[PDB]
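Read the single chain below, which is given as structure tokens and is the form deposited in one PDB entry.
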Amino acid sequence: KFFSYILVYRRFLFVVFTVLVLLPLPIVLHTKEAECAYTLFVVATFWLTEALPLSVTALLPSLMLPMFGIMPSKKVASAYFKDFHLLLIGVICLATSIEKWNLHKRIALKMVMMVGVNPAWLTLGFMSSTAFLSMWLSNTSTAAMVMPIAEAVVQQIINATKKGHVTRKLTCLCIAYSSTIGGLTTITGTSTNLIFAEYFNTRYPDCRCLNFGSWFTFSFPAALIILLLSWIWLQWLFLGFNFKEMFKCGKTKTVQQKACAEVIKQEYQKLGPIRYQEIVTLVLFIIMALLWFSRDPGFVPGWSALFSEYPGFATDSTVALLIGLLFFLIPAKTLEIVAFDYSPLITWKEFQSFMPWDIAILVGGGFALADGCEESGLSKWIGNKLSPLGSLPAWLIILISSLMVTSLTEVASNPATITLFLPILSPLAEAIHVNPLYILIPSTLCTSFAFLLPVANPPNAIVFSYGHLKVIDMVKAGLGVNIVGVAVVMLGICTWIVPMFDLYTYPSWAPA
């Protein structure tokens, strides 16, 4: 009669309880650190439990910080839009054109035709293609783009069910994990790397280490090993290894194999000859990638030397916008008889869909919360309280931080997790007198390792929404993939990250 109503209004009562129980913290401490800690705790509680929508919670700092007097609303509003958002707009413009003109379908079908219908090699081909695509596009868009095609290919291979369901589960999980793994290789690949680069360059403006080439040259060896080991782990866990049928060349002819291959060939033929919209989209994709790579990598100043009087004004977001806004200008189809006009090959109505406005607001809210934590002085207090932790061995601190971030990223979004630890792990670095990158790189790499739960990151939810995967089947694979990723990151940090970044000494661009 009374307890029944409590379990129905769980979210409302939990939000009210969270707001009221943490109230004694700023009510009687009369410090800005306490008020910002109250705001941080409320935002973290609502992001972890998802009592409110993530983007609604991200708007709380713009409501609490101005009222607590920590920083004016004009200053909070200026932190909701950064170069991350411009890059996201420019890349969503490209992704909308790829999705609209079925270029991804052509690439996926050609990859399936070239690799074959062997379930051991088909999964590797899908993972490689999805990881390469996620190297440039966002993980969420890559997962939402490849998966509808992977399922379509798999269900037509099965038709041409003790083995079908496990095959579709394996295909779901391989795409979900490969999007994330491929997003690690580049700064622009995922939102976590973009947020980390923005925070690192704002907090340490005297460091010129993080560019495209330097990030790639250490994130590719780790990501390739992680991808190969995850493919092996998934193949063993779901289907198992049959080496004789796998390593054999095209010599044993089976009727049901060409029966499956003919369906894929007929689908690719029904796709039709390549249209010029697909060619233009592919050319613009290649140009965007080449301009991202051509901005100074370290050995040759590609086109940053062209603007070598305003350093740092034109960035990768400028390249993304320049390429993406061309998708609003290049004509695609006509309609003269009626309207005497053309179509711009991407309409703004089509761009407004598929554009992650919620992710933009979430990242802006995280950046505003970090700015409030820096302005109020909470970051300095946290760094001072973690000063005695500097007597421990260095590697243990990085291991513990990476494990904590990895554990907390399985239930909270990657952009939220990375924004709640950079203002904590960054001040902690100089409280030990150790290179901040030596802690930040493993932490930002382990923030992306979100494979256990569907709520961990949008790539997991997109794949889980198809209903093929159970929670336990996903957790079993995510545990192994996450262990592989953490082991590879820690091996790289101890082996090949320290020569190029010189992590064993204290840098000259860090505060003393």
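The first residue of the shown sequence is 1; numbering continues from there.
The protein also exists as the form deposited in another entry; that form is not presented, and the subsequent description refers to it.
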>> Among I483, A44, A259, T217, which sits at the hinge where the C-alphas switch from fitting one rigid part better to fitting the other, between the shown form and the other one?
In response: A259
> Since the CA distance of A314 and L137 differs by 3 Å or more in the other form, is it closer or farther than in the form displayed?
Replying inline: closer
> Hey, the CA atoms of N139 and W303 end up closer or farther in the other form than in the shown form, with the change being 3 Å or more?
Replying inline: closer
